[PDB]
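Protein chains in written order, with the UniProt record's numbering: chain Z, 246 to 294; chain Y, 201 to 250; chain S, 94 to 132; chain G, 51 to 144; chain E, 2 to 117; chain A, 1231 to 1286; chain B, 401 to 451.
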Amino acid sequence: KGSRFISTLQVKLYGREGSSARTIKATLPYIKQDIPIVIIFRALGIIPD
Amino acid sequence: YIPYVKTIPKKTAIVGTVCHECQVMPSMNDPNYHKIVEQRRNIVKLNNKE
Amino acid sequence: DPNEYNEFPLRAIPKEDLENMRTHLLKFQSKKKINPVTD
Amino acid sequence: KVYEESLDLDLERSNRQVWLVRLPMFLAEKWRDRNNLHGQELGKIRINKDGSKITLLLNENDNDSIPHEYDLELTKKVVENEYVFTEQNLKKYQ
Amino acid sequence: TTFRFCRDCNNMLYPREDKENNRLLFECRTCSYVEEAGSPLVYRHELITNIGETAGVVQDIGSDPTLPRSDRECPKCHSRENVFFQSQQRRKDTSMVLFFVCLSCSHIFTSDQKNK
Amino acid sequence: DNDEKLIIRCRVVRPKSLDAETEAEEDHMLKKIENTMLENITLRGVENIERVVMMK
Amino acid sequence: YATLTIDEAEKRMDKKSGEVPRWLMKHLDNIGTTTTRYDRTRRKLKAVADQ
Ligand SMILES: [Zn+2]
Ligand SMILES: [Zn+2]
């Protein structure tokens, strides 16, 4: 109700099980790049790890 | 540093420190109790839109 | 019931001092204890 | 000169006990009214001598449409890092 | 592994070595707070792990009408009512052993007779 | 083999030159070599041979 | 705790190196860069009390 448009959010786990570092990145609308989840959390006001 | 920051001053005062967080809940042993239950049931029953 | 308790009156705030003034809640988000009076 | 009042935060009344109380909708809809709160007695707060139980007793002014007895449930007995601060404008001349 | 968090800023601590005492210290990367470790273990990789075999056991697991019932005996209270379920790890290498939860003492036992 | 638990202990020996920058990544290096020594080590067999079954 | 700036942060995020050093903040604290307001003010105030 109110605008009827759809925006998709994807949280991806980069890397495979044989990798030494698998990070998580999220795709935000109108951002063109997949940001690390920690950066998004800090952008929301939670700075402590 | 920066020489201009564009603050907005206001008159502020700390007028108390919270010591207890409380939750008011009607007593179930009260005569007028169960009128709230009906009121809370009327919340879901209502059809405001026409 | 017996007087094994203490009951204090609960009164409203006069509206003559509640106008042109807003009372908010301040929450320090930290794991230590912050007291702006002593710290 | 632009302000005729101190611009510093007033840490004088901070040592004042305050209770953060969450109210039911039917009670909050008549206690948060600004066309009310003339200084009348909203009721009484009763604490057992040994503690561990508090109860609120409203006056007979509710018109026998809502409960007259309530139980103040302490969701947090010890609270830290929570304070109450006011906000109003400053005198602007001289 | 027992992750440790800082006391002053709540950030994650990291292991560092002090050669002046040949010991292990946990330090913060932003606020300079240190604490000596209680254990010498810092990393653990669990290639074959059993964490999650009984995941989801709660105080009202018996209220679930879909969980099957059994008549097995609980070897901590001697009761016969209980709900049982298979392993909750979705790796396609886990055994079909069952786990029993007693509806009178909340004790979790198993049907395994090989290793237990 | 007779031991109840079968354990390997490995230690990386540092060169004569002392590195002060590698201490921060010292444990980091161990995890890297730990990952490599799990994956790209060929105890025995032919590469790209997943499993073999004997049938009569 | 002496945070960085956006430009400095982005240079580190990009492939300036494989990964940021674990004790980078301690290293840059001694160089003198990346101080705090508290320290930035105390040293100036002491720079006046000395005279
Ligand atoms: Zn810290
Ligand atoms: Zn039992």
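Even for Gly, the Cβ is constructed at its ideal location relative to N, Cα and C.
Residue i to residue j span [Cα, whole Å]
i                 : j                 : result
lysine 142/G      : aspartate 58/G    : 16 Å
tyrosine 133/G    : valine 71/G       : 14 Å
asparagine 1270/A : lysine 1246/A     : 28 Å
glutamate 109/S   : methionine 225/Y  : 30 Å
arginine 115/S    : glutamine 138/G   : 7 Å
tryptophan 69/G   : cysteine 222/Y    : 7 Å
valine 1282/A     : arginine 1274/A   : 13 Å
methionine 97/E   : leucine 1236/A    : 27 Å
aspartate 439/B   : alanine 402/B     : 10 Å
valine 218/Y      : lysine 126/S      : 13 Å
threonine 433/B   : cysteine 32/E     : 15 Å
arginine 70/E     : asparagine 131/G  : 50 Å
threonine 3/E     : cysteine 10/E     : 18 Å
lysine 1261/A     : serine 264/Z      : 11 Å
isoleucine 208/Y  : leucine 140/G     : 11 Å
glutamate 1253/A  : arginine 1239/A   : 20 Å
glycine 57/E      : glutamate 74/E    : 22 Å
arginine 412/B    : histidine 1258/A  : 19 Å
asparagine 1278/A : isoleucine 1263/A : 22 Å
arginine 1244/A   : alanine 1250/A    : 12 Å
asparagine 242/Y  : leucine 107/G     : 26 Å
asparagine 65/G   : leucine 122/G     : 23 Å
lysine 115/E      : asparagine 22/E   : 47 Å
Assumed close pair residue i, residue j - CB separation to whole angstroms, cut-off 8 Å
i                : j                : result
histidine 220/Y  : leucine 124/G    : 6 Å
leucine 103/S    : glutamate 91/G   : 7 Å
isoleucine 116/G : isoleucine 104/G : Actually they are not in contact, since the Cβ atoms of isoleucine 116/G and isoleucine 104/G sit about 19 Å apart, beyond 8 Å.
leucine 273/Z    : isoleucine 280/Z : 6 Å
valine 256/Z     : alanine 271/Z    : 5 Å
Exposure label - residue i; buried when at least 16 CB within 10 Å
i                   : result
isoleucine 291/Z    : exposed
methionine 425/B    : buried
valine 420/B        : exposed
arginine 17/E       : buried
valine 448/B        : exposed
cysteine 103/E      : buried
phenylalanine 121/S : exposed
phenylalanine 250/Z : exposed
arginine 422/B      : buried
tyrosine 120/G      : buried
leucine 77/G        : buried
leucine 246/Y       : exposed
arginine 30/E       : buried
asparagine 248/Y    : exposed
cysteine 7/E        : buried
Contacts that residue i makes with chain S (C-beta to C-beta distance below 7 Å)
i                : result
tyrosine 133/G   : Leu119
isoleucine 214/Y : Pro129
Residue i, enclosing alpha helix (DSSP H) - first and last residue
i                : result
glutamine 239/Y  : 235-245
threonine 1266/A : 1256-1269
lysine 426/B     : 424-431
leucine 77/G     : 75-81
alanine 409/B    : 406-413
Within chain G, partners of residue i - CB distance below 7 Å
i              : result
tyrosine 204/Y : Chain G residues near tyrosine 204/Y: none, gap ~16 Å exceeds 7 Å.
Neighbouring residues, chain Y, relative to residue i (Cβ below 8 Å)
i                : result
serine 102/G     : Correct list: empty, because the minimum Cβ distance to chain Y is about 13 Å.
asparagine 139/G : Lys210, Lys211
Extent of the continuous beta strand (DSSP E) run through residue i
i                   : result
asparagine 83/E     : 83-87
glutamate 1234/A    : Careful: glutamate 1234/A lies outside any beta strand (DSSP E) and carries neither H nor E.
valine 71/G         : 67-72
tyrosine 438/B      : Unbroken run through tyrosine 438/B is the alpha helix (DSSP H), 437-449; no beta strand (DSSP E).
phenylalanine 286/Z : No beta strand (DSSP E) holds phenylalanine 286/Z; the alpha helix (DSSP H) holding it covers 282-288.
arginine 267/Z      : No beta strand (DSSP E) contains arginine 267/Z, which DSSP labels as neither H nor E.
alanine 213/Y       : 211-226
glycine 93/G        : 91-98
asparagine 99/S     : 98-104
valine 134/G        : 132-138
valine 59/E         : From DSSP, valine 59/E is part of no beta strand (DSSP E); its letter is neither H nor E.
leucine 25/E        : 24-29
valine 35/E         : 35-37
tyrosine 120/G      : 119-126
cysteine 103/E      : 99-103
Contact set between residue i and chain A, taken where Cβ atoms lie within less than 7 Å
i             : result
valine 43/E   : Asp1257
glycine 263/Z : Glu1269
Contact set between residue i and chain B, taken where Cβ atoms lie within less than 7 Å
i              : result
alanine 1250/A : Correct list: empty, because the minimum Cβ distance to chain B is about 11 Å.
Amino acids of chain S, ordered along the chain, whose beta-carbon sits closer than 8 Å to that of residue i
i               : result
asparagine 98/G : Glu97, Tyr98
Within chain E, the residues that residue i reaches when beta carbons sit closer than 7 Å
i              : result
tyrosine 401/B : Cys10, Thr31, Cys32
Within chain S, partners of residue i - CB distance below 9 Å
i           : result
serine 64/G : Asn128, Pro129, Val130
Within chain Z, partners of residue i - CB distance below 9 Å
i             : result
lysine 1262/A : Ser265
Subject >> Contact residues within the segment 411-427 of chain B, judged by C-beta distance below 7 Å to chain D >> reply: The displayed structure is made up of protein chains Z, Y, S, G, E, A and B, and chain D is not among them.
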